[PDB]
file entry.tsv (TSV, N, CA and C atoms and all ligand atoms)
chain	number	residue	atom	x	y	z
A	863	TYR	N	-86.25	-57.19	21.27
A	863	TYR	CA	-86.82	-57.09	22.68
A	863	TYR	C	-88.01	-56.07	22.89
A	864	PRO	N	-89.19	-56.37	22.34
A	864	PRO	CA	-90.28	-55.40	22.31
A	864	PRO	C	-90.86	-55.16	23.71
A	865	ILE	N	-91.41	-53.96	23.92
A	865	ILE	CA	-91.91	-53.59	25.26
A	865	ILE	C	-93.41	-53.88	25.38
A	866	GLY	N	-93.88	-54.16	26.60
A	866	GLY	CA	-95.32	-54.34	26.85
A	866	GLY	C	-95.79	-53.30	27.84
A	867	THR	N	-94.87	-52.46	28.31
A	867	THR	CA	-95.19	-51.39	29.25
A	867	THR	C	-94.15	-50.28	29.16
A	868	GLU	N	-94.55	-49.05	29.52
A	868	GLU	CA	-93.60	-47.98	29.65
A	868	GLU	C	-92.55	-48.23	30.73
A	869	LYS	N	-91.42	-47.52	30.62
A	869	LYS	CA	-90.40	-47.61	31.61
A	869	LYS	C	-89.98	-46.23	32.02
A	870	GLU	N	-90.43	-45.79	33.20
A	870	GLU	CA	-90.13	-44.45	33.69
A	870	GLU	C	-88.70	-44.47	34.21
A	871	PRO	N	-87.96	-43.35	34.05
A	871	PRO	CA	-88.39	-42.09	33.39
A	871	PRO	C	-88.29	-42.16	31.86
A	872	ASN	N	-89.33	-41.71	31.17
A	872	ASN	CA	-89.34	-41.69	29.71
A	872	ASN	C	-89.84	-40.29	29.24
A	873	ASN	N	-89.37	-39.23	29.89
A	873	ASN	CA	-89.97	-37.91	29.80
A	873	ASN	C	-89.33	-37.04	28.75
A	874	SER	N	-88.43	-37.63	27.96
A	874	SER	CA	-87.84	-36.96	26.81
A	874	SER	C	-87.64	-37.98	25.69
A	875	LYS	N	-87.46	-37.47	24.48
A	875	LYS	CA	-87.11	-38.32	23.34
A	875	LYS	C	-85.90	-39.21	23.63
A	876	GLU	N	-84.93	-38.67	24.37
A	876	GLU	CA	-83.68	-39.39	24.65
A	876	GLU	C	-83.89	-40.53	25.67
A	877	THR	N	-85.01	-40.51	26.41
A	877	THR	CA	-85.36	-41.61	27.35
A	877	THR	C	-86.62	-42.37	26.96
A	878	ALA	N	-86.98	-42.33	25.69
A	878	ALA	CA	-88.23	-42.90	25.21
A	878	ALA	C	-88.25	-44.40	25.49
A	879	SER	N	-89.41	-44.95	25.81
A	879	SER	CA	-89.57	-46.40	26.06
A	879	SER	C	-89.80	-47.08	24.73
A	880	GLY	N	-89.14	-48.21	24.47
A	880	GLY	CA	-89.43	-48.98	23.24
A	880	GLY	C	-88.42	-50.12	23.06
A	881	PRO	N	-88.46	-50.84	21.93
A	881	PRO	CA	-89.42	-50.63	20.84
A	881	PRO	C	-90.79	-51.20	21.06
A	882	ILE	N	-91.76	-50.50	20.50
A	882	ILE	CA	-93.14	-50.94	20.37
A	882	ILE	C	-93.34	-51.58	18.99
A	883	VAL	N	-93.96	-52.76	18.96
A	883	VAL	CA	-94.21	-53.48	17.70
A	883	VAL	C	-95.68	-53.90	17.63
A	884	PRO	N	-96.22	-54.16	16.42
A	884	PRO	CA	-97.60	-54.56	16.27
A	884	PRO	C	-97.88	-55.85	16.99
A	885	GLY	N	-99.14	-56.06	17.36
A	885	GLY	CA	-99.53	-57.31	18.03
A	885	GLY	C	-99.18	-57.45	19.50
A	886	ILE	N	-98.45	-56.48	20.07
A	886	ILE	CA	-98.07	-56.50	21.51
A	886	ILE	C	-98.45	-55.14	22.11
A	887	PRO	N	-99.56	-55.11	22.87
A	887	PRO	CA	-100.05	-53.81	23.42
A	887	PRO	C	-99.12	-53.32	24.51
A	888	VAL	N	-99.09	-52.01	24.71
A	888	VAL	CA	-98.16	-51.36	25.63
A	888	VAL	C	-99.01	-50.57	26.66
A	889	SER	N	-98.81	-50.86	27.94
A	889	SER	CA	-99.60	-50.23	29.01
A	889	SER	C	-98.80	-49.11	29.60
A	890	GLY	N	-99.47	-48.11	30.14
A	890	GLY	CA	-98.76	-47.13	30.97
A	890	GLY	C	-99.80	-46.24	31.60
A	891	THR	N	-99.34	-45.17	32.23
A	891	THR	CA	-100.20	-44.25	32.96
A	891	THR	C	-99.60	-42.86	32.84
A	892	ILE	N	-100.44	-41.87	32.51
A	892	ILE	CA	-100.01	-40.49	32.65
A	892	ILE	C	-100.33	-40.11	34.09
A	893	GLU	N	-99.29	-40.01	34.92
A	893	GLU	CA	-99.44	-39.81	36.38
A	893	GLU	C	-100.19	-38.54	36.75
A	894	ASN	N	-99.97	-37.49	35.96
A	894	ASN	CA	-100.64	-36.21	36.10
A	894	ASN	C	-100.16	-35.40	34.90
A	895	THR	N	-100.60	-34.15	34.76
A	895	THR	CA	-100.29	-33.38	33.55
A	895	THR	C	-98.79	-33.05	33.36
A	896	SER	N	-98.00	-33.18	34.42
A	896	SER	CA	-96.54	-33.02	34.31
A	896	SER	C	-95.79	-34.25	33.79
A	897	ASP	N	-96.45	-35.40	33.74
A	897	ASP	CA	-95.80	-36.61	33.27
A	897	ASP	C	-95.91	-36.70	31.74
A	898	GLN	N	-94.78	-36.52	31.06
A	898	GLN	CA	-94.74	-36.67	29.62
A	898	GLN	C	-94.30	-38.10	29.39
A	899	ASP	N	-94.93	-38.78	28.44
A	899	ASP	CA	-94.53	-40.15	28.12
A	899	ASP	C	-94.07	-40.26	26.65
A	900	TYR	N	-92.80	-40.57	26.45
A	900	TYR	CA	-92.29	-40.77	25.10
A	900	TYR	C	-91.98	-42.24	24.86
A	901	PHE	N	-92.30	-42.67	23.63
A	901	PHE	CA	-92.10	-44.07	23.17
A	901	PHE	C	-91.43	-44.04	21.83
A	902	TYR	N	-90.83	-45.16	21.43
A	902	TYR	CA	-90.27	-45.24	20.06
A	902	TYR	C	-90.61	-46.55	19.40
A	903	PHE	N	-90.57	-46.56	18.06
A	903	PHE	CA	-90.70	-47.78	17.30
A	903	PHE	C	-89.78	-47.58	16.10
A	904	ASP	N	-89.52	-48.67	15.39
A	904	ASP	CA	-88.53	-48.64	14.30
A	904	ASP	C	-89.24	-49.07	13.03
A	905	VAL	N	-89.13	-48.24	12.00
A	905	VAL	CA	-89.65	-48.59	10.68
A	905	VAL	C	-88.47	-49.20	9.89
A	906	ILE	N	-88.65	-50.44	9.45
A	906	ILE	CA	-87.58	-51.20	8.79
A	906	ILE	C	-87.73	-51.01	7.28
A	907	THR	N	-88.97	-51.07	6.81
A	907	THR	CA	-89.29	-50.90	5.41
A	907	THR	C	-90.45	-49.89	5.26
A	908	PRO	N	-90.32	-48.94	4.32
A	908	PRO	CA	-91.36	-47.93	4.11
A	908	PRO	C	-92.76	-48.53	4.04
A	909	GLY	N	-93.76	-47.75	4.46
A	909	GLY	CA	-95.16	-48.21	4.49
A	909	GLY	C	-96.03	-47.47	5.51
A	910	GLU	N	-97.33	-47.77	5.50
A	910	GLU	CA	-98.28	-47.15	6.40
A	910	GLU	C	-98.09	-47.64	7.84
A	911	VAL	N	-98.21	-46.71	8.80
A	911	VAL	CA	-98.18	-47.02	10.23
A	911	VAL	C	-99.49	-46.47	10.83
A	912	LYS	N	-100.13	-47.25	11.68
A	912	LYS	CA	-101.37	-46.83	12.33
A	912	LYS	C	-101.18	-46.94	13.83
A	913	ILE	N	-101.67	-45.95	14.57
A	913	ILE	CA	-101.49	-45.88	16.02
A	913	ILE	C	-102.85	-45.68	16.67
A	914	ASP	N	-103.17	-46.45	17.70
A	914	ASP	CA	-104.40	-46.23	18.47
A	914	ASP	C	-104.03	-46.30	19.95
A	915	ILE	N	-104.22	-45.21	20.67
A	915	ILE	CA	-103.99	-45.19	22.11
A	915	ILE	C	-105.34	-45.07	22.79
A	916	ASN	N	-105.72	-46.13	23.52
A	916	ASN	CA	-106.96	-46.19	24.32
A	916	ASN	C	-106.83	-45.45	25.64
A	917	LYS	N	-107.73	-44.48	25.87
A	917	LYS	CA	-107.79	-43.77	27.16
A	917	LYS	C	-108.55	-44.61	28.20
A	918	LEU	N	-107.88	-45.02	29.28
A	918	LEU	CA	-108.52	-45.82	30.33
A	918	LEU	C	-108.72	-45.00	31.63
A	919	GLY	N	-108.82	-43.68	31.48
A	919	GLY	CA	-109.16	-42.78	32.58
A	919	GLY	C	-109.79	-41.53	32.01
A	920	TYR	N	-110.06	-40.55	32.88
A	920	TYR	CA	-110.61	-39.28	32.45
A	920	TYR	C	-109.54	-38.30	32.19
A	921	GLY	N	-109.81	-37.41	31.25
A	921	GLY	CA	-108.95	-36.25	31.04
A	921	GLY	C	-108.75	-36.00	29.57
A	922	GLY	N	-107.98	-34.97	29.26
A	922	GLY	CA	-107.75	-34.60	27.87
A	922	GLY	C	-106.30	-34.91	27.61
A	923	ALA	N	-106.08	-35.81	26.67
A	923	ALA	CA	-104.73	-36.20	26.29
A	923	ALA	C	-104.63	-36.23	24.78
A	924	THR	N	-103.40	-36.28	24.29
A	924	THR	CA	-103.19	-36.41	22.87
A	924	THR	C	-101.77	-36.91	22.58
A	925	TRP	N	-101.50	-37.21	21.31
A	925	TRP	CA	-100.14	-37.58	20.93
A	925	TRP	C	-99.72	-36.95	19.62
A	926	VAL	N	-98.41	-36.92	19.40
A	926	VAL	CA	-97.83	-36.53	18.13
A	926	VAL	C	-96.68	-37.50	17.90
A	927	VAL	N	-96.41	-37.80	16.64
A	927	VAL	CA	-95.29	-38.67	16.28
A	927	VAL	C	-94.25	-37.84	15.57
A	928	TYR	N	-93.00	-37.92	16.03
A	928	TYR	CA	-91.86	-37.21	15.38
A	928	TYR	C	-90.95	-38.24	14.67
A	929	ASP	N	-90.39	-37.88	13.51
A	929	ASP	CA	-89.34	-38.73	12.91
A	929	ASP	C	-88.02	-38.48	13.64
A	930	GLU	N	-86.94	-39.13	13.18
A	930	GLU	CA	-85.60	-38.97	13.76
A	930	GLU	C	-85.08	-37.54	13.73
A	931	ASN	N	-85.57	-36.74	12.80
A	931	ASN	CA	-85.15	-35.33	12.69
A	931	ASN	C	-86.06	-34.29	13.31
A	932	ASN	N	-86.95	-34.73	14.20
A	932	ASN	CA	-87.83	-33.80	14.90
A	932	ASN	C	-88.87	-33.08	14.01
A	933	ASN	N	-89.24	-33.67	12.88
A	933	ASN	CA	-90.42	-33.23	12.14
A	933	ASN	C	-91.62	-34.02	12.63
A	934	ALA	N	-92.76	-33.35	12.78
A	934	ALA	CA	-94.02	-34.01	13.14
A	934	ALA	C	-94.57	-34.69	11.89
A	935	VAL	N	-94.95	-35.95	12.03
A	935	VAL	CA	-95.43	-36.73	10.90
A	935	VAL	C	-96.84	-37.22	11.12
A	936	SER	N	-97.36	-37.07	12.34
A	936	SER	CA	-98.72	-37.55	12.61
A	936	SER	C	-99.26	-36.97	13.94
A	937	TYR	N	-100.52	-36.55	13.96
A	937	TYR	CA	-101.19	-36.02	15.16
A	937	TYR	C	-102.43	-36.85	15.48
A	938	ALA	N	-102.68	-37.12	16.76
A	938	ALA	CA	-103.86	-37.90	17.15
A	938	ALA	C	-105.16	-37.18	16.83
A	939	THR	N	-106.18	-37.97	16.56
A	939	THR	CA	-107.55	-37.50	16.52
A	939	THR	C	-108.24	-38.16	17.72
A	940	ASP	N	-108.94	-37.37	18.54
A	940	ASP	CA	-109.66	-37.90	19.71
A	940	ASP	C	-111.08	-38.28	19.31
A	941	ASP	N	-111.51	-39.52	19.58
A	941	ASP	CA	-112.92	-39.87	19.31
A	941	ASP	C	-113.80	-39.86	20.56
A	942	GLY	N	-113.21	-39.46	21.69
A	942	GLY	CA	-113.85	-39.52	22.99
A	942	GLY	C	-113.12	-40.50	23.89
A	943	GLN	N	-112.79	-41.67	23.34
A	943	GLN	CA	-112.21	-42.79	24.09
A	943	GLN	C	-110.84	-43.22	23.61
A	944	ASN	N	-110.58	-43.01	22.33
A	944	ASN	CA	-109.39	-43.49	21.65
A	944	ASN	C	-108.71	-42.35	20.91
A	945	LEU	N	-107.38	-42.34	20.97
A	945	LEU	CA	-106.57	-41.35	20.27
A	945	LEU	C	-105.88	-42.05	19.10
A	946	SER	N	-106.31	-41.75	17.88
A	946	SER	CA	-105.85	-42.54	16.74
A	946	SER	C	-105.30	-41.71	15.58
A	947	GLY	N	-104.52	-42.37	14.73
A	947	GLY	CA	-103.89	-41.70	13.62
A	947	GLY	C	-103.06	-42.70	12.83
A	948	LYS	N	-102.59	-42.25	11.68
A	948	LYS	CA	-101.82	-43.05	10.76
A	948	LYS	C	-101.01	-42.10	9.91
A	949	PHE	N	-99.95	-42.61	9.31
A	949	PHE	CA	-99.11	-41.80	8.44
A	949	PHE	C	-98.30	-42.73	7.53
A	950	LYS	N	-97.76	-42.15	6.46
A	950	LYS	CA	-96.91	-42.89	5.56
A	950	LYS	C	-95.44	-42.69	5.87
A	951	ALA	N	-94.79	-43.77	6.27
A	951	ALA	CA	-93.38	-43.74	6.55
A	951	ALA	C	-92.62	-44.02	5.26
A	952	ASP	N	-92.19	-42.96	4.57
A	952	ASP	CA	-91.44	-43.08	3.32
A	952	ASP	C	-89.98	-43.52	3.54
A	953	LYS	N	-89.45	-43.32	4.74
A	953	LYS	CA	-88.07	-43.72	5.04
A	953	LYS	C	-88.01	-44.58	6.29
A	954	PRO	N	-87.22	-45.67	6.23
A	954	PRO	CA	-86.96	-46.42	7.44
A	954	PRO	C	-86.23	-45.55	8.48
A	955	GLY	N	-86.43	-45.85	9.75
A	955	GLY	CA	-85.84	-45.05	10.80
A	955	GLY	C	-86.64	-45.16	12.08
A	956	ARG	N	-86.18	-44.44	13.11
A	956	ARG	CA	-86.84	-44.43	14.41
A	956	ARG	C	-87.83	-43.29	14.45
A	957	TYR	N	-89.00	-43.59	14.99
A	957	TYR	CA	-90.07	-42.62	15.16
A	957	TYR	C	-90.42	-42.59	16.65
A	958	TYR	N	-90.85	-41.43	17.13
A	958	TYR	CA	-91.06	-41.21	18.53
A	958	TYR	C	-92.50	-40.78	18.73
A	959	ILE	N	-93.21	-41.50	19.62
A	959	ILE	CA	-94.55	-41.12	20.00
A	959	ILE	C	-94.44	-40.26	21.26
A	960	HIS	N	-94.90	-39.02	21.16
A	960	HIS	CA	-94.94	-38.12	22.30
A	960	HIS	C	-96.39	-38.07	22.80
A	961	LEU	N	-96.63	-38.63	23.99
A	961	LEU	CA	-97.96	-38.71	24.61
A	961	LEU	C	-98.03	-37.83	25.87
A	962	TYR	N	-99.03	-36.96	25.95
A	962	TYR	CA	-99.18	-36.07	27.08
A	962	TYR	C	-100.63	-35.77	27.38
A	963	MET	N	-100.84	-35.26	28.59
A	963	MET	CA	-102.18	-34.93	29.08
A	963	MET	C	-102.15	-33.43	29.37
A	964	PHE	N	-102.98	-32.67	28.68
A	964	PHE	CA	-103.08	-31.24	28.90
A	964	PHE	C	-104.14	-30.86	29.97
A	965	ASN	N	-105.01	-31.80	30.33
A	965	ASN	CA	-106.03	-31.56	31.33
A	965	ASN	C	-106.57	-32.86	31.86
A	966	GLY	N	-106.44	-33.08	33.16
A	966	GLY	CA	-106.76	-34.38	33.73
A	966	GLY	C	-105.88	-34.66	34.92
A	967	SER	N	-106.34	-35.55	35.79
A	967	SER	CA	-105.58	-35.87	36.99
A	967	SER	C	-104.70	-37.10	36.83
A	968	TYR	N	-105.21	-38.15	36.18
A	968	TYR	CA	-104.56	-39.48	36.16
A	968	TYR	C	-105.14	-40.29	35.02
A	969	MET	N	-104.29	-40.84	34.16
A	969	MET	CA	-104.84	-41.55	33.02
A	969	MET	C	-104.07	-42.77	32.62
A	970	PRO	N	-104.56	-43.96	33.02
A	970	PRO	CA	-104.05	-45.23	32.48
A	970	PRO	C	-104.32	-45.22	30.97
A	971	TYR	N	-103.51	-45.92	30.19
A	971	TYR	CA	-103.76	-46.01	28.73
A	971	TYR	C	-103.20	-47.31	28.18
A	972	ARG	N	-103.56	-47.62	26.94
A	972	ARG	CA	-103.04	-48.79	26.24
A	972	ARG	C	-102.69	-48.40	24.79
A	973	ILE	N	-101.46	-48.66	24.36
A	973	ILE	CA	-101.02	-48.31	23.00
A	973	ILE	C	-101.00	-49.53	22.10
A	974	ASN	N	-101.64	-49.40	20.93
A	974	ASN	CA	-101.58	-50.42	19.87
A	974	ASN	C	-101.01	-49.80	18.62
A	975	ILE	N	-100.03	-50.47	17.99
A	975	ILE	CA	-99.47	-50.00	16.69
A	975	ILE	C	-99.65	-51.08	15.63
A	976	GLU	N	-99.88	-50.68	14.39
A	976	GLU	CA	-100.14	-51.60	13.26
A	976	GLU	C	-99.40	-51.13	12.03
A	977	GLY	N	-99.14	-52.06	11.11
A	977	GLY	CA	-98.55	-51.74	9.83
A	977	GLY	C	-97.06	-51.96	9.77
A	978	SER	N	-96.38	-51.08	9.06
A	978	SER	CA	-95.02	-51.33	8.62
A	978	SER	C	-94.01	-51.08	9.72
A	979	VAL	N	-94.07	-51.89	10.78
A	979	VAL	CA	-93.22	-51.71	11.95
A	979	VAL	C	-92.45	-52.97	12.28
B	1001	CA	CA	-96.07	-42.41	32.55
B	1002	CA	CA	-93.16	-40.20	31.74

call {"tool": "encode", "arguments": {"input": "entry.tsv", "output": "structure tokens", "more": "lines below"}}
Ligand SMILES: [Ca+2]
Ligand SMILES: [Ca+2]
result
Amino acid sequence: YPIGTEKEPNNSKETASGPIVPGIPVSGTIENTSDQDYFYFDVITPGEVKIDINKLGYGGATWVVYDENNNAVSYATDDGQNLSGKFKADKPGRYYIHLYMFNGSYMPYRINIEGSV
């Protein structure tokens, strides 16, 4: 049952919206800098995962991906418009995308994931 949009409240790892799978974009909005948005996806077989989150508003945002044990495995790079990154998933399991805005009023976004998901 893959998601095409966030489902609030998703403001902690324990309420993360998902699963997110490749080929199905996921919409949402960072309501303001207090709105944390967490998502999850499931790695079934080891392999590369690529993440691109399109910024559809103004502001400074970023993401980090945590594995099931709360280790950071990937950090976004901002190109101005898109927040992107990739990592090698050596173990199957659930991964959590933590998306937040450190400066900005309101930010619609679109999440795309690719690879071993
Ligand atoms: Ca949100
Ligand atoms: Ca949220």

call {"tool": "closest_atom_pairs", "arguments": {"input": "entry.tsv", "of": "chain A", "to": "ligand CA 1002 (chain B)", "cutoff": "7 Å", "atoms": "only N, CA and C atoms and all ligand atoms", "output": "CSV"}}
result
residue,atom,partner,partner_atom,distance
A:869,C,B:CA1002,CA,6.8
A:870,CA,B:CA1002,CA,5.6
A:871,C,B:CA1002,CA,5.3
A:872,N,B:CA1002,CA,4.2
A:873,N,B:CA1002,CA,4.3
A:874,N,B:CA1002,CA,6.6
A:892,CA,B:CA1002,CA,6.9
A:893,N,B:CA1002,CA,6.9
A:896,C,B:CA1002,CA,6.8
A:897,C,B:CA1002,CA,4.5
A:898,C,B:CA1002,CA,3.4
A:899,CA,B:CA1002,CA,3.9
A:900,N,B:CA1002,CA,5.3

call {"tool": "atom_distance", "arguments": {"input": "entry.tsv", "atom1": "atom C of residue 907 in chain A", "atom2": "atom N of residue 891 in chain A"}}
result
28.8 Å

call {"tool": "residues_near_point", "arguments": {"input": "entry.tsv", "point": "(-98.2, -35.8, 11.1)", "cutoff": "8 Å", "atoms": "only N, CA and C atoms", "output": "VMD selection string"}}
result
chain A and resid 926 to 928 933 to 938 948 to 950

call {"tool": "residues_near_point", "arguments": {"input": "entry.tsv", "point": "(-103.0, -39.8, 21.9)", "cutoff": "6 Å", "atoms": "all atoms listed in the file", "output": "PyMOL selection string"}}
result
chain A and resi 915+923-926+938+945-946+961

call {"tool": "select_by_dssp", "arguments": {"input": "entry.tsv", "residues": "chain A", "states": "strand (DSSP E)", "output": "ChimeraX atom specification"}}
result
/A:888-892,899-905,909-917,922-928,934-937,939-940,944-951,955-965,969-977

call {"tool": "residues_around", "arguments": {"input": "entry.tsv", "residues": "residue 876 in chain A", "least_positions_apart": "5", "cutoff": "10 Å", "atoms": "only C-alpha atoms", "output": "tab-separated table (two decimals) with N, CA and C atoms, keeping the file's coordinate frame"}}
result
chain	number	residue	atom	x	y	z
A	900	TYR	N	-92.80	-40.57	26.45
A	900	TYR	CA	-92.29	-40.77	25.10
A	900	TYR	C	-91.98	-42.24	24.86
A	901	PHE	N	-92.30	-42.67	23.63
A	901	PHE	CA	-92.10	-44.07	23.17
A	901	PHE	C	-91.43	-44.04	21.83
A	902	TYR	N	-90.83	-45.16	21.43
A	902	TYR	CA	-90.27	-45.24	20.06
A	902	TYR	C	-90.61	-46.55	19.40
A	958	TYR	N	-90.85	-41.43	17.13
A	958	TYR	CA	-91.06	-41.21	18.53
A	958	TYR	C	-92.50	-40.78	18.73

call {"tool": "atom_distance", "arguments": {"input": "entry.tsv", "atom1": "atom C of residue 878 in chain A", "atom2": "atom C of residue 940 in chain A"}}
result
24.4 Å

call {"tool": "atom_distance", "arguments": {"input": "entry.tsv", "atom1": "CA of residue 880 in chain A", "atom2": "CA of residue 903 in chain A"}}
result
6.2 Å
